[PDB]
Amino acid sequence: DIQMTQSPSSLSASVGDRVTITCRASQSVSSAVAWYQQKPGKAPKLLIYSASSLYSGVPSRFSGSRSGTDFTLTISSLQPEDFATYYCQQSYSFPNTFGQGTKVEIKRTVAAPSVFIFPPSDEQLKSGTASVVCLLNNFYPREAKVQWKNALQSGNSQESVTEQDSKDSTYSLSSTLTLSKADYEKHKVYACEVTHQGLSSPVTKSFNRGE
Amino acid sequence: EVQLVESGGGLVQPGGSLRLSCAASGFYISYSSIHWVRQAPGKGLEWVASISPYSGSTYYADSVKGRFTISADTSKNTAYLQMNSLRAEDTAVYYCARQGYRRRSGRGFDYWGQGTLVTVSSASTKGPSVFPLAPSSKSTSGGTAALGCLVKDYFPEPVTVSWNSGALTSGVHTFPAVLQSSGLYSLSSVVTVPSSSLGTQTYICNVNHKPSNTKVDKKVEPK
RNA sequence: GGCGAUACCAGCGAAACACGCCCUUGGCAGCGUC
């Protein structure tokens with residue numbers, strides 16, 4: 001089958017930047033290549049077809065080109081409605097094949113995270129398990145280190161990050177430490193340590209078991 | 001206008017079978033090619049199968065050939081995807097797509113559906129336990145406070161978490177679900193509120209887990 | 001140039017295959033016949 005190698009896999013660009021996404025076919029596909037735009041949680045939408053023909057209703061900022069087995073999708077200048085993932089797809093032979101996709105995110109100034117620590121819930125300690133949650137509200141960039149507060153724990157923590165907010169272009173992160181409630185009541189002060197670029201020094205939020 | 005409505009998704013064991021449907025409105029599928037494309041959670045689009053008009057010829061991807069069957073019923077204006085010998089690899093949202101008319105859009109897929117969620121796993125359905133994330137800042141600090149809810153150990157996806165019955169959307173953050181080592185999902189939903197609203201504003205997280213018919217509302221106020 | 005076939009790749013018929021159309025062309029094809 002025809003493989004579709006797409007590059008880059010992700011980028012961060014600012015409004016007004018000219019970007020060209022490259023999709024290269026493993027063999028001749030003529031010009032039967034389309035491009036799709038997919039925004040988180042939504043269905044894909046057709047942008048251009050036949051390598052270089054724009055679909056109805058799509059702005060003129062989108063363009064496509066072919067150079068043999070090479071296919072580039074070009075947005076002349078980024079705009080505050082184009083944050084999404086972009087895919088190339090060949091329709092020259094079956095099986096049709098999509099590219100791996102390109103995640104387009106928005107560049108913006110550095111934002112420091114607001115950190116909150118949440119002790120395990122009195123309803124939850126009744127169940128015999130403990131869970132401390134550290135929150136890193138609205139920051140930029142996604143790159144953040146969360147370490148659990150006093151031997152530093154390893155292997156018993158999970159992280160989750162939201163998508164880029166469509167308004168302030170920020171990110172949020174959560175980290176959950178488990179162990180057990182029996183272990184939870186043998187230690188005293190609990191603290192999550194976070195390092196971020198917009199932070200001059202690591203910030204540690206903590207609580208005392210006993211309010 | 002033109003609509004594609006996929007149905008039939010759900011939870012099955014490995015080796016099980018599922019039959020997906022795609023109801024079309026605003027056009028007749030007998031004059032177009034219908035494609036199925038799936039997307040695993042957090043990954044890219046993957047072409048699955050397609051059927052051609054007039055001839056009814058079918059085509060498949062190497063990962064589904066022999067196990068899947070695409071077909072159509074023009075009297076019902078509905079395409080179908082029979083799924084057999086399912087593996088965990090087939091866990092994805094399955095989209096239905098119409099190939100546009102050759103003159104106007106070439107061979108591009110000009111219309112898609114909302115998709116249906118197919119989960120292939122041996123894990124049994126389980127409802128989540130819900131615990132509060134008590135607010136940090138007090139009621140008269142003069143700044144911002146962060147509160148939320150922790151719903152934990154549920155399978156399969158998805159859940160939906162709202163606040164104040166959809167009335168509170170500014171500043172809310174429902175984090176994507178992570179897979180614990182126990183095999184069950186868990187996520188958190190938070191929100192930043194002004195400290196001047198604590199004690200006068202009521203905050204309730206409404207968590208909905210349809211796969212297990214579980215409905216919980218948990219109250220969040222200063223501990 | 002004149003007369004008759006031949007539908008390979010494109011294009012076209014709501015149409016990637018099948019079906020149908022278009023005959024020096026849509027390509028600065030090629031076989032018969034004056």
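Throughout, protein chains are lettered first and strands after them, A, B, ... in sequence-line order, and every chain is numbered starting at 1.
As judged by a 4.0 angstrom heavy-atom cut-off over every strand, A:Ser93 is placed among the base-contacting residues. Residue B:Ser32 is out of contact with every strand shown, counting any heavy-atom pair closer than 4.0 Å. Within 4.0 Å (heavy atoms only), A:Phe94 reaches at least one base atom of the nucleic acid.
For the P atoms, the distance from C:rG11 to C:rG27 is 14 Å, rounded to whole Å. Look at the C1' atom in both C:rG1 and C:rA18: the space between them is 40 Å, to the nearest Å. To the nearest whole angstrom, the two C1' atoms, one in C:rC23 and one in C:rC9, are 14 Å apart. Taking atom P in both C:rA14 and C:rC22, the straight-line distance is 16 Å, to the nearest Å. Annotation: C:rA5 and C:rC21 have their P atoms spaced 14 Å apart (nearest Å). Between C:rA16 and C:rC28, the distance separating the two P atoms is 26 Å to the nearest Å. For the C1' atom pair drawn from C:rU33 and C:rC8, the interatomic distance equals 24 Å after rounding to whole Å. Spacing between C:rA10 and C:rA15 at atom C1', rounded to whole Å, works out to 16 Å.
B:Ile34 has its CD1 atom 13 Å from the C1' atom of C:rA15, to the nearest Å. A straight line from OH of B:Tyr28 to P of C:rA15 spans 17 Å, rounded to a whole angstrom. Note: CZ (B:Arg104) to P (C:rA15) measures 13 Å, nearest angstrom.
Judged by Watson-Crick or G-U wobble contacts below 3.5 Å, the nucleotide C:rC8 has C:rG27 as its partner. Taking a pair to require two hydrogen-bonding distances under 3.5 Å in either a Watson-Crick or a G-U wobble arrangement, C:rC3 pairs with C:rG32.
The main-chain N or O of A:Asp82 is never found under 3.5 Å from a side-chain atom of A:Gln79 such that the two would form a donor-acceptor pair. At least one donor-acceptor pair closer than 3.5 Å links the side chain of A:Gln6 to the backbone N or O of A:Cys88. Side-chain N or O atoms of A:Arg18 include none that pairs as donor or acceptor with a backbone N or O of A:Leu78 at under 3.5 Å.
The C1'-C2'-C3'-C4' torsion of C:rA5 is positive, which assigns its sugar to the north, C3'-endo side. Sugar conformation, C:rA29: north. The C1'-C2'-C3'-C4' torsion carries a positive sign. Nucleotide C:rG27 shows a negative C1'-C2'-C3'-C4' value and thus a south, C2'-endo-like sugar.
A donor and an acceptor atom, one from each side chain of A:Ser157 and A:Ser175, are located under 3.5 Å apart. When only modelled atom types and interatomic distance are considered, A:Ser172 and A:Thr162 share no side-chain donor-acceptor pair under 3.5 Å.
You'll find the side chain of B:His209 reaches within 4.5 Å of the side chain of B:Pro156, heavy atoms only. No side-chain heavy atom of A:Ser114 sits less than 4.5 Å from a side-chain heavy atom of A:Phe139.
Annotation: proximity of residues 54-81 of chain B to RNA chain C (heavy atom, distance under 4.0 Å) is found for B:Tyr54, B:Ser55, B:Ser57, B:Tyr59, numbered in ascending order.
Ring orientation note: the planes of A:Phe62 and A:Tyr86 are tilted relative to one another, at an angle of 30° to 60°.
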Do nucleotides 7-12 of chain C as a string where each nucleotide becomes B, S or -: B if the base has a protein heavy atom under 4.0 Å, S if just the sugar-phosphate does, - if no protein is that close. -----B

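Entry note: C:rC19 and C:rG13 meet the pairing test, Watson-Crick or G-U wobble at under 3.5 angstrom for both distances.
Comment: A:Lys45 does not engage B:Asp110 in a salt bridge, judged by the lack of any side-chain N to carboxylate O separation of less than 4.0 angstrom.
Among residues two or more places apart in sequence or in another chain, the ring pair (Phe, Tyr, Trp, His ring centres under 6.0 Å) test is passed with B:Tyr60 by none.
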